[PDB]
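protein.json (JSON, C-alpha atoms) appears below.
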[["chain", "number", "residue", "atom", "x", "y", "z"],
["C", 109, "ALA", "CA", 31.86, 3.27, 75.19],
["C", 110, "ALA", "CA", 30.73, -0.32, 75.61],
["C", 111, "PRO", "CA", 30.94, -2.11, 72.24],
["C", 112, "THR", "CA", 27.62, -2.88, 70.59],
["C", 113, "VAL", "CA", 28.06, -6.54, 69.62],
["C", 114, "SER", "CA", 26.06, -8.35, 66.94],
["C", 115, "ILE", "CA", 26.58, -12.00, 65.97],
["C", 116, "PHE", "CA", 25.28, -13.36, 62.67],
["C", 117, "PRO", "CA", 24.87, -17.00, 61.59],
["C", 118, "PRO", "CA", 25.84, -18.17, 58.09],
["C", 119, "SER", "CA", 23.38, -17.28, 55.36],
["C", 120, "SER", "CA", 21.35, -19.81, 53.37],
["C", 121, "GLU", "CA", 23.30, -19.61, 50.09],
["C", 122, "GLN", "CA", 26.62, -19.94, 51.94],
["C", 123, "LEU", "CA", 25.37, -23.16, 53.53],
["C", 124, "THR", "CA", 24.33, -24.31, 50.05],
["C", 125, "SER", "CA", 27.88, -23.77, 48.77],
["C", 126, "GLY", "CA", 29.42, -25.90, 51.53],
["C", 127, "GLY", "CA", 30.82, -23.39, 54.01],
["C", 128, "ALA", "CA", 29.64, -21.54, 57.09],
["C", 129, "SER", "CA", 30.90, -18.20, 58.41],
["C", 130, "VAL", "CA", 29.81, -16.86, 61.79],
["C", 131, "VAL", "CA", 30.24, -13.09, 61.69],
["C", 132, "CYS", "CA", 30.59, -10.75, 64.67],
["C", 133, "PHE", "CA", 30.52, -6.95, 64.75],
["C", 134, "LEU", "CA", 31.68, -4.79, 67.66],
["C", 135, "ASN", "CA", 30.89, -1.15, 66.94],
["C", 136, "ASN", "CA", 31.18, 2.16, 68.79],
["C", 137, "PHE", "CA", 33.79, 1.19, 71.38],
["C", 138, "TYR", "CA", 36.71, 3.12, 72.89],
["C", 139, "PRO", "CA", 39.57, 2.56, 73.62],
["C", 140, "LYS", "CA", 40.76, 0.50, 70.64],
["C", 141, "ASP", "CA", 42.24, -2.18, 72.93],
["C", 142, "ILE", "CA", 39.67, -4.96, 72.61],
["C", 143, "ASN", "CA", 39.96, -8.73, 72.49],
["C", 144, "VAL", "CA", 37.45, -10.94, 70.67],
["C", 145, "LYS", "CA", 36.97, -14.59, 71.60],
["C", 146, "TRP", "CA", 34.93, -17.27, 69.87],
["C", 147, "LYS", "CA", 33.36, -20.10, 71.87],
["C", 148, "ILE", "CA", 32.11, -23.25, 70.15],
["C", 149, "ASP", "CA", 30.03, -25.37, 72.55],
["C", 150, "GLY", "CA", 31.50, -23.29, 75.38],
["C", 151, "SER", "CA", 35.14, -24.02, 74.47],
["C", 152, "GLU", "CA", 37.41, -21.34, 73.04],
["C", 153, "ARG", "CA", 38.07, -21.46, 69.29],
["C", 154, "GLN", "CA", 40.82, -19.46, 67.60],
["C", 155, "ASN", "CA", 41.32, -21.25, 64.27],
["C", 156, "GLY", "CA", 39.41, -19.85, 61.31],
["C", 157, "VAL", "CA", 39.04, -16.45, 63.01],
["C", 158, "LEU", "CA", 40.11, -13.28, 61.21],
["C", 159, "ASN", "CA", 39.86, -9.87, 62.90],
["C", 160, "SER", "CA", 39.69, -6.43, 61.27],
["C", 161, "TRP", "CA", 39.70, -3.19, 63.27],
["C", 162, "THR", "CA", 38.66, 0.12, 61.74],
["C", 163, "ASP", "CA", 40.48, 3.36, 62.33],
["C", 164, "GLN", "CA", 38.89, 5.68, 64.88],
["C", 165, "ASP", "CA", 35.62, 7.07, 63.56],
["C", 166, "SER", "CA", 35.66, 10.57, 62.09],
["C", 167, "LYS", "CA", 32.38, 11.62, 63.75],
["C", 168, "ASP", "CA", 32.08, 10.19, 67.29],
["C", 169, "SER", "CA", 35.74, 9.21, 67.90],
["C", 170, "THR", "CA", 34.98, 5.52, 68.49],
["C", 171, "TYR", "CA", 36.36, 2.28, 67.07],
["C", 172, "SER", "CA", 34.84, -0.69, 65.27],
["C", 173, "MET", "CA", 35.95, -4.28, 64.72],
["C", 174, "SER", "CA", 34.76, -7.29, 62.71],
["C", 175, "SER", "CA", 35.65, -10.83, 63.82],
["C", 176, "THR", "CA", 34.78, -13.63, 61.40],
["C", 177, "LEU", "CA", 34.91, -17.36, 62.18],
["C", 178, "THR", "CA", 35.09, -19.54, 59.06],
["C", 179, "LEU", "CA", 34.30, -23.25, 59.09],
["C", 180, "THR", "CA", 33.12, -26.02, 56.82],
["C", 181, "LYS", "CA", 29.48, -27.09, 56.81],
["C", 182, "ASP", "CA", 30.42, -30.43, 58.38],
["C", 183, "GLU", "CA", 32.21, -28.62, 61.22],
["C", 184, "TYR", "CA", 29.43, -26.04, 61.59],
["C", 185, "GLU", "CA", 26.54, -28.51, 61.85],
["C", 186, "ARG", "CA", 28.28, -30.96, 64.21],
["C", 187, "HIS", "CA", 28.40, -28.23, 66.89],
["C", 188, "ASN", "CA", 25.47, -26.27, 68.34],
["C", 189, "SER", "CA", 26.36, -23.21, 70.44],
["C", 190, "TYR", "CA", 28.35, -20.27, 69.04],
["C", 191, "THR", "CA", 29.44, -17.37, 71.25],
["C", 192, "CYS", "CA", 31.23, -14.10, 70.45],
["C", 193, "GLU", "CA", 32.84, -12.56, 73.54],
["C", 194, "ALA", "CA", 34.24, -9.05, 73.95],
["C", 195, "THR", "CA", 36.85, -8.18, 76.56],
["C", 196, "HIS", "CA", 37.04, -4.38, 76.71],
["C", 197, "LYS", "CA", 37.95, -1.67, 79.22],
["C", 198, "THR", "CA", 34.34, -0.65, 79.99],
["C", 199, "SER", "CA", 33.48, -3.71, 82.10],
["C", 200, "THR", "CA", 35.07, -6.77, 83.69],
["C", 201, "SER", "CA", 32.28, -9.00, 82.35],
["C", 202, "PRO", "CA", 32.91, -9.93, 78.69],
["C", 203, "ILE", "CA", 30.11, -8.89, 76.35],
["C", 204, "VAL", "CA", 28.59, -12.16, 75.12],
["C", 205, "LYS", "CA", 26.46, -12.68, 72.01],
["C", 206, "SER", "CA", 25.55, -16.35, 71.64],
["C", 207, "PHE", "CA", 23.20, -18.37, 69.46],
["C", 208, "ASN", "CA", 22.27, -22.02, 69.01],
["C", 209, "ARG", "CA", 22.25, -23.49, 65.50],
["C", 210, "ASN", "CA", 18.94, -25.25, 66.23],
["C", 211, "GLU", "CA", 17.07, -21.97, 66.81],
["T", 1, "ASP", "CA", 70.18, 13.15, 53.60],
["T", 2, "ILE", "CA", 67.54, 15.03, 55.60],
["T", 3, "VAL", "CA", 65.74, 13.04, 58.31],
["T", 4, "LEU", "CA", 62.49, 14.23, 59.88],
["T", 5, "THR", "CA", 62.02, 12.94, 63.42],
["T", 6, "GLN", "CA", 58.40, 13.40, 64.48],
["T", 7, "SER", "CA", 57.07, 13.14, 68.02],
["T", 8, "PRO", "CA", 55.08, 11.67, 69.64],
["T", 9, "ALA", "CA", 54.47, 8.40, 67.76],
["T", 10, "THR", "CA", 50.87, 8.39, 69.02],
["T", 11, "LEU", "CA", 48.85, 10.85, 71.12],
["T", 12, "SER", "CA", 45.52, 10.87, 72.95],
["T", 13, "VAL", "CA", 43.72, 14.22, 73.17],
["T", 14, "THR", "CA", 40.59, 15.50, 74.89],
["T", 15, "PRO", "CA", 38.34, 17.44, 72.49],
["T", 16, "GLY", "CA", 38.89, 21.15, 73.01],
["T", 17, "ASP", "CA", 42.54, 21.01, 74.13],
["T", 18, "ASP", "CA", 45.72, 22.50, 72.69],
["T", 19, "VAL", "CA", 48.28, 20.11, 71.19],
["T", 20, "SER", "CA", 51.73, 20.39, 69.61],
["T", 21, "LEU", "CA", 53.26, 17.97, 67.10],
["T", 22, "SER", "CA", 57.06, 18.18, 67.01],
["T", 23, "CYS", "CA", 58.93, 17.94, 63.69],
["T", 24, "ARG", "CA", 62.73, 17.95, 63.99],
["T", 25, "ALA", "CA", 65.06, 18.28, 60.99],
["T", 26, "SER", "CA", 68.61, 16.95, 60.94],
["T", 27, "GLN", "CA", 69.62, 19.93, 58.75],
["T", 28, "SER", "CA", 68.49, 23.54, 58.62],
["T", 29, "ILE", "CA", 65.77, 23.97, 55.99],
["T", 30, "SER", "CA", 64.63, 27.54, 56.80],
["T", 31, "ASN", "CA", 60.83, 27.39, 56.41],
["T", 32, "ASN", "CA", 60.73, 24.77, 53.65],
["T", 33, "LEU", "CA", 58.54, 22.47, 55.76],
["T", 34, "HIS", "CA", 54.89, 21.64, 55.20],
["T", 35, "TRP", "CA", 52.21, 19.94, 57.30],
["T", 36, "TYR", "CA", 49.67, 17.39, 56.04],
["T", 37, "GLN", "CA", 46.70, 15.54, 57.55],
["T", 38, "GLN", "CA", 45.63, 12.08, 56.34],
["T", 39, "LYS", "CA", 42.37, 10.48, 57.50],
["T", 40, "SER", "CA", 41.05, 6.94, 57.05],
["T", 41, "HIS", "CA", 41.22, 5.52, 53.50],
["T", 42, "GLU", "CA", 41.96, 9.06, 52.28],
["T", 43, "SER", "CA", 44.89, 10.81, 50.64],
["T", 44, "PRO", "CA", 46.76, 13.38, 52.79],
["T", 45, "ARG", "CA", 45.64, 17.00, 52.80],
["T", 46, "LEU", "CA", 47.88, 20.06, 52.87],
["T", 47, "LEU", "CA", 47.26, 21.97, 56.11],
["T", 48, "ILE", "CA", 49.58, 24.97, 56.26],
["T", 49, "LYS", "CA", 52.11, 25.76, 53.55],
["T", 50, "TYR", "CA", 55.54, 26.92, 54.72],
["T", 51, "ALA", "CA", 56.47, 27.53, 58.32],
["T", 52, "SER", "CA", 53.29, 29.45, 58.99],
["T", 53, "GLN", "CA", 50.87, 30.10, 56.15],
["T", 54, "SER", "CA", 47.10, 29.63, 55.87],
["T", 55, "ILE", "CA", 45.62, 27.38, 53.17],
["T", 56, "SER", "CA", 42.09, 27.71, 51.72],
["T", 57, "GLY", "CA", 39.65, 26.84, 54.51],
["T", 58, "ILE", "CA", 41.86, 24.69, 56.74],
["T", 59, "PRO", "CA", 41.07, 25.21, 60.46],
["T", 60, "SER", "CA", 42.72, 28.41, 61.67],
["T", 61, "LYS", "CA", 44.79, 26.67, 64.35],
["T", 62, "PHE", "CA", 48.01, 25.50, 62.66],
["T", 63, "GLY", "CA", 51.51, 26.55, 61.64],
["T", 64, "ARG", "CA", 54.73, 27.17, 63.60],
["T", 65, "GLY", "CA", 58.48, 26.74, 63.34],
["T", 66, "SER", "CA", 61.64, 27.55, 61.41],
["T", 67, "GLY", "CA", 65.16, 26.24, 60.93],
["T", 68, "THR", "CA", 65.42, 22.75, 62.39],
["T", 69, "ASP", "CA", 62.64, 22.90, 65.02],
["T", 70, "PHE", "CA", 59.04, 22.96, 63.79],
["T", 71, "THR", "CA", 55.77, 22.42, 65.61],
["T", 72, "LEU", "CA", 52.20, 21.95, 64.43],
["T", 73, "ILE", "CA", 49.94, 23.72, 66.90],
["T", 74, "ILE", "CA", 46.28, 22.71, 67.15],
["T", 75, "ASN", "CA", 44.25, 25.08, 69.33],
["T", 76, "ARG", "CA", 40.93, 23.19, 69.67],
["T", 77, "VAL", "CA", 41.12, 19.51, 68.72],
["T", 78, "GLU", "CA", 37.71, 18.40, 67.46],
["T", 79, "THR", "CA", 36.29, 14.95, 66.73],
["T", 80, "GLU", "CA", 37.22, 15.03, 63.03],
["T", 81, "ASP", "CA", 40.86, 15.93, 63.82],
["T", 82, "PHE", "CA", 41.75, 12.25, 64.27],
["T", 83, "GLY", "CA", 44.31, 10.88, 61.85],
["T", 84, "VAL", "CA", 47.98, 10.76, 60.85],
["T", 85, "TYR", "CA", 49.90, 14.03, 60.65],
["T", 86, "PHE", "CA", 53.02, 14.24, 58.48],
["T", 87, "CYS", "CA", 55.62, 16.95, 57.92],
["T", 88, "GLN", "CA", 57.74, 17.11, 54.78],
["T", 89, "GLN", "CA", 60.71, 19.19, 53.65],
["T", 90, "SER", "CA", 61.06, 20.78, 50.20],
["T", 91, "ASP", "CA", 64.66, 22.00, 50.59],
["T", 92, "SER", "CA", 66.73, 18.99, 49.52],
["T", 93, "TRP", "CA", 65.70, 16.61, 46.74],
["T", 94, "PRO", "CA", 65.34, 13.49, 48.99],
["T", 95, "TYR", "CA", 61.92, 14.95, 50.01],
["T", 96, "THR", "CA", 61.55, 13.05, 53.27],
["T", 97, "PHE", "CA", 58.57, 12.73, 55.64],
["T", 98, "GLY", "CA", 57.82, 11.70, 59.21],
["T", 99, "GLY", "CA", 54.84, 10.34, 61.07],
["T", 100, "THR", "CA", 52.55, 10.97, 64.03],
["T", 101, "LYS", "CA", 49.13, 9.55, 64.93],
["T", 102, "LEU", "CA", 46.64, 11.90, 66.60],
["T", 103, "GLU", "CA", 43.93, 9.98, 68.47],
["T", 104, "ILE", "CA", 41.18, 11.45, 70.64],
["T", 105, "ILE", "CA", 40.50, 10.46, 74.25],
["R", 1, "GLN", "CA", 40.34, 24.13, 38.23],
["R", 2, "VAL", "CA", 43.28, 21.74, 38.65],
["R", 3, "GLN", "CA", 42.49, 18.03, 38.56],
["R", 4, "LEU", "CA", 44.72, 14.95, 38.28],
["R", 5, "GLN", "CA", 43.43, 11.57, 37.08],
["R", 6, "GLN", "CA", 45.42, 8.34, 37.39],
["R", 7, "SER", "CA", 44.59, 4.96, 35.87],
["R", 8, "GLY", "CA", 47.27, 2.28, 36.33],
["R", 9, "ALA", "CA", 46.87, -1.37, 35.36],
["R", 10, "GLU", "CA", 46.14, -2.14, 39.06],
["R", 11, "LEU", "CA", 46.94, -5.88, 38.80],
["R", 12, "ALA", "CA", 50.25, -7.53, 37.93],
["R", 13, "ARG", "CA", 52.43, -10.65, 38.39],
["R", 14, "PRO", "CA", 55.86, -10.72, 40.06],
["R", 15, "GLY", "CA", 58.68, -10.03, 37.61],
["R", 16, "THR", "CA", 56.54, -8.17, 35.05],
["R", 17, "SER", "CA", 56.20, -4.43, 34.36],
["R", 18, "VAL", "CA", 53.46, -1.81, 34.62],
["R", 19, "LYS", "CA", 53.03, 1.81, 33.50],
["R", 20, "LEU", "CA", 50.83, 4.15, 35.53],
["R", 21, "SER", "CA", 49.58, 7.37, 33.95],
["R", 22, "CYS", "CA", 48.48, 10.75, 35.31],
["R", 23, "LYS", "CA", 46.45, 13.24, 33.27],
["R", 24, "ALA", "CA", 46.52, 16.87, 34.42],
["R", 25, "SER", "CA", 44.04, 19.61, 33.58],
["R", 26, "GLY", "CA", 43.13, 23.10, 34.72],
["R", 27, "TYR", "CA", 46.66, 24.55, 34.69],
["R", 28, "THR", "CA", 49.71, 24.86, 32.43],
["R", 29, "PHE", "CA", 51.09, 21.32, 32.54],
["R", 30, "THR", "CA", 54.67, 22.55, 31.96],
["R", 31, "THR", "CA", 54.92, 25.06, 34.84],
["R", 32, "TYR", "CA", 54.68, 22.77, 37.90],
["R", 33, "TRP", "CA", 56.83, 19.90, 39.08],
["R", 34, "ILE", "CA", 54.83, 16.67, 39.36],
["R", 35, "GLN", "CA", 55.83, 14.14, 41.98],
["R", 36, "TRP", "CA", 54.82, 10.60, 42.85],
["R", 37, "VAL", "CA", 54.23, 9.25, 46.36],
["R", 38, "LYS", "CA", 53.93, 5.58, 47.35],
["R", 39, "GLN", "CA", 51.73, 4.56, 50.29],
["R", 40, "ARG", "CA", 51.58, 0.95, 51.41],
["R", 41, "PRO", "CA", 48.17, 0.02, 52.89],
["R", 42, "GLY", "CA", 48.05, 1.59, 56.35],
["R", 43, "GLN", "CA", 51.68, 2.77, 56.26],
["R", 44, "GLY", "CA", 53.05, 6.28, 55.74],
["R", 45, "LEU", "CA", 54.03, 8.14, 52.60],
["R", 46, "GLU", "CA", 57.17, 7.22, 50.66],
["R", 47, "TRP", "CA", 58.57, 9.70, 48.15],
["R", 48, "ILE", "CA", 59.41, 8.16, 44.76],
["R", 49, "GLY", "CA", 60.50, 10.91, 42.37],
["R", 50, "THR", "CA", 59.64, 14.15, 40.62],
["R", 51, "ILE", "CA", 59.47, 15.15, 36.96],
["R", 52, "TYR", "CA", 59.55, 18.64, 35.50],
["R", 53, "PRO", "CA", 57.70, 18.33, 32.16],
["R", 54, "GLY", "CA", 58.98, 21.70, 30.95],
["R", 55, "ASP", "CA", 62.25, 20.08, 29.87],
["R", 56, "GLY", "CA", 61.87, 16.59, 31.39],
["R", 57, "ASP", "CA", 64.00, 17.01, 34.53],
["R", 58, "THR", "CA", 63.95, 13.75, 36.51],
["R", 59, "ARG", "CA", 65.05, 13.44, 40.11],
["R", 60, "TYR", "CA", 64.50, 10.25, 42.11],
["R", 61, "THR", "CA", 65.22, 8.94, 45.56],
["R", 62, "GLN", "CA", 67.98, 6.36, 45.83],
["R", 63, "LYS", "CA", 65.49, 3.65, 46.87],
["R", 64, "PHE", "CA", 63.41, 3.87, 43.65],
["R", 65, "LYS", "CA", 66.22, 4.34, 41.12],
["R", 66, "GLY", "CA", 65.90, 1.32, 38.82],
["R", 67, "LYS", "CA", 62.35, 0.48, 39.89],
["R", 68, "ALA", "CA", 60.56, 3.67, 38.83],
["R", 69, "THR", "CA", 61.03, 5.41, 35.49],
["R", 70, "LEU", "CA", 59.38, 8.83, 35.18],
["R", 71, "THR", "CA", 58.39, 10.33, 31.82],
["R", 72, "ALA", "CA", 56.06, 13.07, 30.62],
["R", 73, "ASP", "CA", 54.46, 13.91, 27.28],
["R", 74, "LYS", "CA", 54.23, 17.64, 26.58],
["R", 75, "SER", "CA", 51.51, 17.30, 23.93],
["R", 76, "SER", "CA", 49.10, 15.21, 26.04],
["R", 77, "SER", "CA", 49.51, 16.59, 29.60],
["R", 78, "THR", "CA", 50.34, 13.10, 30.87],
["R", 79, "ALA", "CA", 53.01, 12.02, 33.35],
["R", 80, "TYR", "CA", 53.87, 8.31, 33.42],
["R", 81, "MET", "CA", 55.66, 6.18, 36.00],
["R", 82, "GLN", "CA", 56.93, 2.75, 34.96],
["R", 83, "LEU", "CA", 57.48, 0.09, 37.63],
["R", 84, "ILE", "CA", 59.56, -2.88, 36.47],
["R", 85, "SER", "CA", 60.76, -6.12, 38.08],
["R", 86, "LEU", "CA", 57.73, -6.11, 40.34],
["R", 87, "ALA", "CA", 58.04, -7.84, 43.72],
["R", 88, "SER", "CA", 55.66, -8.26, 46.65],
["R", 89, "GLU", "CA", 57.03, -5.03, 48.19],
["R", 90, "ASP", "CA", 55.49, -2.89, 45.42],
["R", 91, "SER", "CA", 51.83, -3.57, 46.33],
["R", 92, "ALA", "CA", 50.74, -0.08, 47.37],
["R", 93, "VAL", "CA", 48.63, 2.94, 46.43],
["R", 94, "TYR", "CA", 50.49, 5.41, 44.22],
["R", 95, "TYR", "CA", 49.68, 9.13, 44.01],
["R", 96, "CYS", "CA", 50.62, 11.74, 41.40],
["R", 97, "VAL", "CA", 50.47, 15.29, 42.76],
["R", 98, "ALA", "CA", 51.60, 18.89, 42.28],
["R", 99, "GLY", "CA", 51.33, 21.92, 44.54],
["R", 100, "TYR", "CA", 49.78, 25.31, 43.90],
["R", 101, "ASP", "CA", 52.11, 27.85, 45.54],
["R", 102, "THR", "CA", 55.34, 26.05, 46.46],
["R", 103, "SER", "CA", 56.01, 23.73, 43.52],
["R", 104, "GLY", "CA", 57.67, 21.23, 45.86],
["R", 105, "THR", "CA", 54.66, 20.81, 48.11],
["R", 106, "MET", "CA", 51.63, 18.61, 47.46],
["R", 107, "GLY", "CA", 48.54, 20.80, 47.36],
["R", 108, "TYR", "CA", 46.16, 19.11, 44.92],
["R", 109, "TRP", "CA", 45.87, 15.32, 44.93],
["R", 110, "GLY", "CA", 45.13, 12.62, 42.39],
["R", 111, "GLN", "CA", 42.74, 9.75, 43.04],
["R", 112, "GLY", "CA", 45.55, 7.20, 43.41],
["R", 113, "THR", "CA", 46.34, 3.90, 41.73],
["R", 114, "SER", "CA", 46.25, 0.74, 43.85],
["R", 115, "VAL", "CA", 48.53, -1.94, 42.39],
["R", 116, "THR", "CA", 48.81, -5.54, 43.59],
["R", 117, "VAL", "CA", 51.79, -7.76, 42.78]]
Encoding of this model in structure tokens:
Amino acid sequence: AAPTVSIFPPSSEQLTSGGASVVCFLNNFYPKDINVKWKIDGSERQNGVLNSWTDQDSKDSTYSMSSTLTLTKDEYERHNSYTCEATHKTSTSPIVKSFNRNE
Amino acid sequence: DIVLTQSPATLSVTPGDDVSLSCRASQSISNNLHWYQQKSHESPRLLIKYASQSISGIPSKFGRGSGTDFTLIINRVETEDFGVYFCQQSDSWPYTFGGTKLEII
Amino acid sequence: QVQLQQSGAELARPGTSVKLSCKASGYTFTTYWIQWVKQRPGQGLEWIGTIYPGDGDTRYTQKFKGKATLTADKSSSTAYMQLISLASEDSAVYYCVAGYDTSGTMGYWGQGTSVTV
């Protein structure tokens, strides 16, 4: 199954506190071998990223994974484009979910 | 002490297929071996007590072995049958375990 | 029916001590062996020891000899495990169980106590 990917910008209160966490969810994918890549302004980013895979689901026999990119507000607002990319076995084109901080 | 070698370490199964999980004992333990299933974030569950005995409402597709060679049969693997399967011995006091991971293809 | 309830302190510092408890109900507390199983997060089971509360017969594995201390109170239907000299290797989920036909097997499970050192 091709992973359903959803990227989420930092919430309002988190930006009030002084941080910014870009969250990414990749649900309903099999096999469990999956690689998640963050792209800030088109360039790969691996620092501040923590990944968490679930065990195979008890109902549809699929996997899920959460990849979270943590940054300071100063680092978050000095860049614009954020991309979450999924390399999986279902396709040679990585599944891309990208958003611009402006919109 | 008693060592339980379990094979395979991980397995991929099509739903509706027979599977066997091998549990090998370094010493003869008669039938004093017991099979358990543990799912995600959950405590293990007793499947079949002894070499071959039915427990409550566990699926009726388990239980086999004696002596030093034991096998957990599963006749029709279903979607919920994912998880870690363990065998334990109750003969010697060490009370050892093993480990196998049943995944579904 | 049989039920087992465990509490634990669930939070401790390295070098200190903790005493987990296990209350049993639904059966005669002094007719079944009660055993404890350690499970590190995501790992497999690790046998710790067993207590017979009928006359307090302890038997441990060699790995948890001085770490775990198993006791049982006849009057309160409570089995206790004491973990001392806590290190980072003790952070796991601990189960207190007893079987229903073969006293050695685990048939009915407690809710578990997750400790963090």
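Those residues that approach residue 135 in chain C to within 8 Å, counting only C-alpha atoms, are residues 111, 112, 113, 170, 171, 172 and 173 of chain C; same-chain residues fewer than 3 positions away are not listed.
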Selected residues written out, C-alpha atoms, as an mmCIF file, in the coordinates of the input:
data_model
loop_
_atom_site.group_PDB
_atom_site.id
_atom_site.type_symbol
_atom_site.label_atom_id
_atom_site.label_comp_id
_atom_site.auth_asym_id
_atom_site.auth_seq_id
_atom_site.Cartn_x
_atom_site.Cartn_y
_atom_site.Cartn_z
ATOM 1 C CA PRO C 111 30.940 -2.110 72.240
ATOM 2 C CA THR C 112 27.620 -2.880 70.590
ATOM 3 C CA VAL C 113 28.060 -6.540 69.620
ATOM 4 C CA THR C 170 34.980 5.520 68.490
ATOM 5 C CA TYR C 171 36.360 2.280 67.070
ATOM 6 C CA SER C 172 34.840 -0.690 65.270
ATOM 7 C CA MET C 173 35.950 -4.280 64.720
#
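The coordinates place CA of residue 141 in chain C at 12.1 Å from CA of residue 163 in chain C.
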Open item on the list: For a test of reading the model, state the distance in Å between CA of residue 35 in chain T and CA of residue 16 in chain T, rounded to one decimal.
Closed with: 20.6 Å
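Using all atoms listed in the file, one finds that the residues of chain T close to chain R, at 6 Å or less, are residues 46, 90 and 94 of chain T.
Going from CA of residue 66 in chain R over to CA of residue 32 in chain R, you cover 24.2 Å.
Shortest atom-to-atom contact with residue 138 in chain C among C:174, C:162, C:169, C:191: C:169, counting all atoms listed in the file.
Those residues of chain C that fall within 8 Å of chain T when using all atoms listed in the file read residues 139, 163, 164, 166, 167, 168 and 169 of chain C.
Neighbours of residue 131 in chain C closer than or equal to 7 Å, with only C-alpha atoms counted and sequence neighbours fewer than 6 positions away skipped, come out as residues 115, 116, 117, 175, 176 and 177 of chain C.
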Need the axis-aligned box for range 119-136 of chain C with 3 Å each side, so what are the centre and edges in Å to one decimal, as AutoDock Vina command-line options?
--center_x 26.5 --center_y -11.9 --center_z 58.8 --size_x 16.3 --size_y 34.1 --size_z 26.0
Please identify all polymer residues within 9 Å of range 178-187 of chain C, counting all atoms listed in the file, omitting same-chain residues fewer than 6 positions from it, and present them as a CSV table (one decimal) with C-alpha atoms, in the frame of the given file.
chain,number,residue,atom,x,y,z
C,123,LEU,CA,25.4,-23.2,53.5
C,124,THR,CA,24.3,-24.3,50.0
C,125,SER,CA,27.9,-23.8,48.8
C,126,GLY,CA,29.4,-25.9,51.5
C,127,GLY,CA,30.8,-23.4,54.0
C,128,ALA,CA,29.6,-21.5,57.1
C,129,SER,CA,30.9,-18.2,58.4
C,130,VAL,CA,29.8,-16.9,61.8
C,131,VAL,CA,30.2,-13.1,61.7
C,148,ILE,CA,32.1,-23.2,70.2
C,149,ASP,CA,30.0,-25.4,72.6
C,155,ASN,CA,41.3,-21.2,64.3
C,156,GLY,CA,39.4,-19.8,61.3
C,157,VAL,CA,39.0,-16.4,63.0
C,158,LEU,CA,40.1,-13.3,61.2
C,208,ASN,CA,22.3,-22.0,69.0
C,209,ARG,CA,22.2,-23.5,65.5
TODO: Take the point (50.9, 6.2, 37.8) as written in the file and pick out every residue within 7 Å of it, counting all atoms listed in the file; give the list as an MDAnalysis selection string.
DONE: chainID R and resid 6:8 19:22 80:81 94:96 113
Open item on the list: I'd like the contact shell of residue 204 in chain C - 8 Å cut-off, all atoms listed in the file, skipping same-chain residues fewer than 2 positions apart - returned as a list in words.
Closed with: residues 113, 191, 192, 193, 194, 202 and 206 of chain C
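Candidate residues C:205, C:142, C:198, C:161 were compared for distance to chain R, and the nearest is C:161, using all atoms listed in the file.
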Task: Distance query 12 Å from (49.3, 18.9, 73.4) using only C-alpha atoms, result as a PyMOL selection string - done: chain T and resi 7-8+10-22+71-77+102-104
Spatial neighbours of residue 16 in chain R, 7 Å, only C-alpha atoms, chain gap at least 4 places, as a tab-separated table (two decimals) with C-alpha atoms, in the frame of the given file:
chain	number	residue	atom	x	y	z
R	12	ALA	CA	50.25	-7.53	37.93
R	84	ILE	CA	59.56	-2.88	36.47
R	85	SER	CA	60.76	-6.12	38.08
R	86	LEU	CA	57.73	-6.11	40.34
Would you mind putting back N, CA, C and O atoms on range 56-62 of chain T, then writing it out as a JSON list (two decimals), in the coordinates of the input?
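Okay, this is what ended up in part-v2.json:
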[["chain", "number", "residue", "atom", "x", "y", "z"],
["T", 56, "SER", "N", 43.53, 27.74, 52.00],
["T", 56, "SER", "CA", 42.09, 27.71, 51.72],
["T", 56, "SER", "C", 41.23, 27.87, 52.97],
["T", 56, "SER", "O", 41.19, 28.95, 53.57],
["T", 57, "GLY", "N", 40.53, 26.81, 53.36],
["T", 57, "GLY", "CA", 39.65, 26.84, 54.51],
["T", 57, "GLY", "C", 40.03, 25.85, 55.59],
["T", 57, "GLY", "O", 39.17, 25.33, 56.30],
["T", 58, "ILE", "N", 41.33, 25.57, 55.71],
["T", 58, "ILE", "CA", 41.86, 24.69, 56.74],
["T", 58, "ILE", "C", 41.59, 25.35, 58.09],
["T", 58, "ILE", "O", 41.58, 26.59, 58.16],
["T", 59, "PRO", "N", 41.32, 24.59, 59.15],
["T", 59, "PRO", "CA", 41.07, 25.21, 60.46],
["T", 59, "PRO", "C", 42.18, 26.17, 60.85],
["T", 59, "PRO", "O", 43.36, 25.91, 60.64],
["T", 60, "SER", "N", 41.78, 27.32, 61.41],
["T", 60, "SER", "CA", 42.72, 28.41, 61.67],
["T", 60, "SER", "C", 43.49, 28.19, 62.96],
["T", 60, "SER", "O", 43.56, 29.09, 63.81],
["T", 61, "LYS", "N", 44.06, 27.01, 63.14],
["T", 61, "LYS", "CA", 44.79, 26.67, 64.35],
["T", 61, "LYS", "C", 46.04, 25.84, 64.04],
["T", 61, "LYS", "O", 46.29, 24.82, 64.67],
["T", 62, "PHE", "N", 46.82, 26.26, 63.05],
["T", 62, "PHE", "CA", 48.01, 25.50, 62.66],
["T", 62, "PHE", "C", 49.16, 26.44, 62.31],
["T", 62, "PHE", "O", 48.98, 27.65, 62.15]]
